[PDB]
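**Q** Could you have a look at this structure, given as structure tokens, before my questions?
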Amino acid sequence: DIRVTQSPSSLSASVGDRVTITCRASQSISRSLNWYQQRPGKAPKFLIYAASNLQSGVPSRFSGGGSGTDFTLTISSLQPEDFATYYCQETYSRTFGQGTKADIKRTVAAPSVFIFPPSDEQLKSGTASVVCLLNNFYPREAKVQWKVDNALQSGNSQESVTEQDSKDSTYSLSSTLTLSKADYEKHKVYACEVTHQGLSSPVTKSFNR
Amino acid sequence: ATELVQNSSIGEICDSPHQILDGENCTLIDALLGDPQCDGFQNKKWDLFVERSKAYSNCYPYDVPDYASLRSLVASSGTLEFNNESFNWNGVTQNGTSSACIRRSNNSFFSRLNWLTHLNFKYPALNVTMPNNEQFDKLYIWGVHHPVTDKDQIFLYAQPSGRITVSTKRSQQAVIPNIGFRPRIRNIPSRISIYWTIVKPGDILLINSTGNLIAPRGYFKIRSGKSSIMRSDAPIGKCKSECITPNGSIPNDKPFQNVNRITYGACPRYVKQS
Amino acid sequence: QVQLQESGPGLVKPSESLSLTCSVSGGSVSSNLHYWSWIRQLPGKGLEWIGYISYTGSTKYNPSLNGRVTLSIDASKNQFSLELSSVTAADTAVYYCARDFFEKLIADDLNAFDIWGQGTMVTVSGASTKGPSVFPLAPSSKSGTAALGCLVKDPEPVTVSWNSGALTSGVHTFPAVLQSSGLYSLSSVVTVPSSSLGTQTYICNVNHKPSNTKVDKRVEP
Ligand SMILES: *[C@@H]1O[C@H](CO)[C@@H](O[C@@H]2O[C@H](CO)[C@@H](O[C@@H]3O[C@H](CO)[C@@H](O)[C@H](O)[C@@H]3O)[C@H](O)[C@H]2NC(C)=O)[C@H](O)[C@H]1NC(C)=O
Ligand SMILES: *[C@@H]1O[C@H](CO)[C@@H](O[C@@H]2O[C@H](CO)[C@@H](O[C@@H]3O[C@H](CO)[C@@H](O)[C@H](O)[C@@H]3O)[C@H](O)[C@H]2NC(C)=O)[C@H](O)[C@H]1NC(C)=O
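From first to last, the protein sequence lines stand for chains C, A and B.
Its first residue numbered 1, the first sequence is counted upward by one per residue in the deposited numbering.
Its first residue numbered 39, the second sequence is counted upward by one per residue in the deposited numbering.
Residues 1 to 143, 147 to 157, 160 to 226 in the deposited numbering are what the third sequence lists, from first letter to last.
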């Protein structure tokens, strides 16, 4: 029985800011804990050992300290490539913390958009998938509106969002509209209305046929 | 269990009548081995030595099997008197230094240890005899280094594998070094295993080893007394009290106490409640 | 270095014993002072340590899982396996195999998790397996930047690389969404100069492992 508490759950800070993550324990664990970093799509990385000993892949801006119950992980000058999820593990417990993933305070947006009709090989299978793209926009909050012959569509579109590649700290979003082959050929105007802050007016990309 | 229970402390430890030695950033073993920040403690005495929780090691990382045995031995003696002996390490290189054990802005090492490396890419089987022609018990502190890659085992000692043997009349000690890269403490993945060997009056210290060895520079005097050690963060004040707890000095008027179980001197007995 | 690659099924029907195998390369699996462990990942719970074993075999397990975990080592193959009996929907996760050293020199701490493996997703939906369908995404090609990608429809979205890995900078593959048909679907895109389209060949590489399906489709204007 050992308890671990990591605060906060998430935060936001600019490039060059000094951010601190706190890992609190219920029982005294002496000068004894370690901090790790997992980037999106990667395995965690061994950053600090015994609360304050930096390891192989450290860029020297990382640092840790504390004794007893209250430990701190500090990034002196936050860099874009530091975007990841950070954990604190307590040893005799072998328990991972809840995790703290923060992201860079984002500059002002610049969404670049594209759209894509269904392929000729997919339309033969009786299924049409129209894909819209939103590339390198930032902040996250964006609205994708589908218009079939300039008619509002809902419930038949799906979309994903990537996380900051940490080179430019920008997201990307792509909606896929799914309809049958019959419903595809009943119509010809297919649009993708994008609502976003970095756009002074909703940008619409459309094709025909 | 109310009027007859001492339930409070003055918040600090009296430096009288007991000789109090404060640890500051040093542990007892950091001062024992010769940690550069702990050089001020050399050859000091004490009746009670207080380690601080803020203490840390700032030399070359080290491990000690039976760490509560060696700490309680040195504590029960109450002295750090160290006499340099002339070990004749012929065929080796002495006074090995490290980049993470800095003193006076230079690469150094433990002041009570002689880290031995090869010489001319030679390193013969070292057999050193050292008698104890005294009347008092000697304490020898030696070590075994653990190189990370045998790339370093060859560079440091010019043998694929070392072995350390420390023998006396009663005792024999055999240690084999462990090649292995390890988590970097102060940018060092290598370690050193610290052991100890006692020789009695009339006994001889025997070192039957090639040298992945951290040779000692002498011996510590072993006394037998009421000296001890305590972990506390309370300040040291100018006062007199025949009872010391990690929460501070308390009066021994009451027959009982609930301040702390850990006590030193003529103290009342501890109660579980009130 | 010491590489670790987990191998095993990406789909496990419930009530079955989950089984995965970690392969250690470049070093001896037998170690005088070392433990081999397994750890699972879920979004919302973070990481959760599972098991951990010495060369001799010494085990302790996470008391959260009531003994359902059983690991094992075979030095003849430099491998150590995971066996989780009676899996439920709460056991779908990402499983990692990790090389760990324990030191306990004075601190009595020193459970260090040094190297970490790539990882293998496992699922407990227990339905069936069917391969994907790769569809290209043509460019606009107005000509001053264009974009093109591959659309993947219909357990794991595996690897999507571009031209065997020659084209990497500027690629955003998106996480799969779950359609109402129970089958997943994602898309991987890349932005290229709007002047190299007719002479530059673009081929995305998808290689479905839980169905033995590797497809190389040309995205052509
Ligand atoms: C025990 O060790 C700690 C940690 O090394 C000591 O605390 C720090 O000691 C350094 C020694 O120089 C102090 O650095 C000096 O102060 C300024 C900040 O005002 C610093 O930027 C400079 O580099 C300068 O060298 C540092 O201030 C000090 N920090 C604290 C919080 O005290 C400590 O003095 C040692 N001794 C004891 C009894 O704690
Ligand atoms: C390893 O390092 C230790 C510590 O520096 C060396 O001990 C020191 O050796 C020097 C040289 O002999 C001593 O200085 C000399 O002492 C003689 C004594 O007769 C004196 O006549 C000279 O004028 C000079 O001061 C020094 O005292 C001694 N350190 C102590 C604390 O006594 C040791 O020699 C080194 N060994 C090797 C192999 O490098």
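Every residue, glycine too, gets a C-beta built ideally from N, C-alpha and C.
For the 8 Å Cβ check, are there 3 or more pairs between the stretch 172-180 of chain A and the stretch 234-252 of chain A?
**A** With a cut-off of 8 Å, the stretch 234-252 of chain A and the stretch 172-180 of chain A count as touching, because enough Cβ pairs lie within range.
**Q** Just to confirm, does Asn63/A get its C-beta within under 7 Å of one of the non-hydrogen atoms of ligand 1?
**A** Checking every heavy atom of ligand 1 against the Cβ of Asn63/A, one is found closer than 7 Å.
**Q** Select from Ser30/C, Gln55/C and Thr85/C the residue whose C-alpha is nearest the C-alpha of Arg222/A.
**A** When only C-alpha atoms are compared, the closest one is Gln55/C.
**Q** So does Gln80/A have its beta carbon nearer than 7 Å to some heavy atom of ligand 2?
**A** No, since every heavy atom of ligand 2 falls outside the 7 Å radius drawn around the Cβ of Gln80/A.
**Q** So is the beta-carbon of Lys92/A under 7 Å away from any non-hydrogen atom of ligand 1?
**A** Within the cutoff, so yes.
**Q** Cβ of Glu48/B less than 8 Å from any chain C Cβ?
**A** Closer than 8 Å to some Cβ of chain C, the Cβ of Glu48/B qualifies, so yes.
**Q** Among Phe71/C, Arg31/C and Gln79/C, whose alpha-carbon lies nearest the alpha-carbon of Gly16/C?
**A** Of the listed residues, the one whose Cα sits closest to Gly16/C is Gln79/C.
**Q** Tell me the DSSP secondary structure of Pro132/B in three-state form.
**A** DSSP places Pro132/B in coil when its eight states are reduced to three.
**Q** May I ask you to report which of helix, strand or coil DSSP gives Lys205/C?
**A** Of the three classes helix, strand and coil, the one that applies to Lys205/C here is strand, per DSSP.
**Q** What does a CB cutoff of less than 7 Å around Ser266/A pick up in its chain, not counting 5 residues either side in sequence?
**A** For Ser266/A, where only same-chain residues beyond five positions count, the Cβ hits under 7 Å are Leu86, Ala113, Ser114 and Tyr302.
**Q** How would you label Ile242/A, buried or exposed, when you count the other beta carbons within 10 angstroms and need 16 or more for buried?
**A** It counts as exposed.
**Q** Ignore the nearest five residues each way along the sequence and tell me which others in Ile230/A's own chain have a CB closer than 6 Å to its CB.
**A** For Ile230/A, where only same-chain residues beyond five positions count, the Cβ hits under 6 Å are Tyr100, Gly181, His183 and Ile252.
**Q** In chain order, what residues have a CB nearer than 6 Å to some heavy atom of ligand 2?
**A** Result: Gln132/A and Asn133/A.
**Q** Pairing CB atoms from the stretch 273-283 of chain A with CB atoms from the stretch 205-218 of chain A, are three or more of them under 8 Å?
**A** As far as the Cβ criterion goes, the stretch 273-283 of chain A does not touch the stretch 205-218 of chain A, which means the pair count is below three.
**Q** Taking 8 Å as the threshold (beta carbon to beta carbon), is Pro221/A in contact with chain C?
**A** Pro221/A counts as touching chain C.
**Q** Quick test of your reading: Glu90/C and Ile29/C, contact by CB under 8 Å. State the CB separation rounded to the nearest angstrom.
**A** That belief holds up - the Cβ atoms of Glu90/C and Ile29/C are roughly 6 Å apart, short of 8 Å.
**Q** Spatial neighbours of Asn111/B within its chain, please: CB distance less than 8 Å, with the 5 preceding and 5 following residues excluded, ordered by chain position.
**A** Counting only Cβ-Cβ distances below 8 Å, and skipping sequence neighbours, we find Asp100 and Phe102.
**Q** Measure the alpha-carbon distance for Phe120/A versus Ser60/C and round it to whole angstroms.
**A** For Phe120/A and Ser60/C, the distance between alpha carbons rounds to 39 Å.
**Q** Could you tell me the distance, in whole angstroms, from the CA atom of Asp60/A to the CA atom of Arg269/A?
**A** Those two C-alpha atoms are separated by around 10 Å.
**Q** Ignore the nearest five residues each way along the sequence and tell me which others in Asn290/A's own chain have a CB closer than 7 Å to its CB.
**A** Once the five neighbours on either side are set aside, the close Cβ partners of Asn290/A are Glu280, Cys281, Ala304, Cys305 and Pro306.
**Q** Nearest chain C C-beta to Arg90/A closer than 8 Å, yes or no?
**A** With 8 Å as the cut-off, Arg90/A does not count as an interface residue toward chain C.
**Q** Which value, in whole angstroms, describes the spacing of the CA atoms of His187/C and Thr164/B?
**A** If I take the Cα positions, the gap works out to 35 Å.
**Q** Apply the 10 Å Cβ neighbour rule to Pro8/C and answer buried if 16 or more other Cβ atoms are within range, or exposed otherwise.
**A** Exposed, by the Cβ-count rule.
**Q** Which runs of the beta strand (DSSP E), 3 residues or longer, sit entirely within the stretch 52-116 of chain B?
**A** Taking only runs of at least 3 residues, the beta strand (DSSP E) segments lying wholly in the stretch 52-116 of chain B are 59-61, 69-74, 79-84, 93-102 and 111-116.
**Q** Let me know the secondary structure DSSP gives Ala182/C once reduced to three states.
**A** Three-state result, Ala182/C: helix.
**Q** What does the alpha-carbon distance come out to for the pair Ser119/C and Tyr96/B?
**A** If you take the alpha carbons of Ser119/C and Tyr96/B, they lie about 38 Å apart.
**Q** Just checking, does the stretch 151-160 of chain A make contact with the stretch 190-200 of chain A on the three C-beta pairs under 8 Å criterion?
**A** Short answer: they touch.
**Q** How many Å lie between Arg261/A and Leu118/A at the Cα?
**A** Each residue's Cα considered, the two are about 10 Å apart.
**Q** Bridge partners for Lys278/A per DSSP, in chain order?
**A** In the DSSP output, where bridge partners are listed per residue, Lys278/A has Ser54/A.
**Q** On the CB-based measure, 16 or more other CB atoms within 10 Å of its CB, does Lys156/B come out buried or exposed?
**A** Buried, by the Cβ-count rule.
**Q** Taking DSSP as the reference, what is the three-state secondary structure of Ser119/C?
**A** Three-state DSSP puts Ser119/C in coil, outside helix and strand.
**Q** Please list, in chain order, the chain C residues whose beta carbon lies closer than 8 Å to that of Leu191/B.
**A** Those are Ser160, listed as they occur along chain C.
**Q** With DSSP collapsed to three states, give me the class of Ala106/A.
**A** Note: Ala106/A maps to helix in three-state DSSP.
**Q** Could you give the residue range of the beta strand (DSSP E) that holds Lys45/C?
**A** Looking at the DSSP string, the run of the beta strand (DSSP E) that includes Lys45/C is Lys45 to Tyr49.
**Q** Taking all protein chains shown into account, do 16 or more other C-beta atoms lie within 10 angstroms of the C-beta of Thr176/C, making it buried, or fewer, making it exposed?
**A** That one is buried.
**Q** Does chain A have any CB closer than 8 Å to the CB of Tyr49/C?
**A** Taking Cβ atoms only, chain A reaches closer than 8 Å to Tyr49/C, which makes this a yes.
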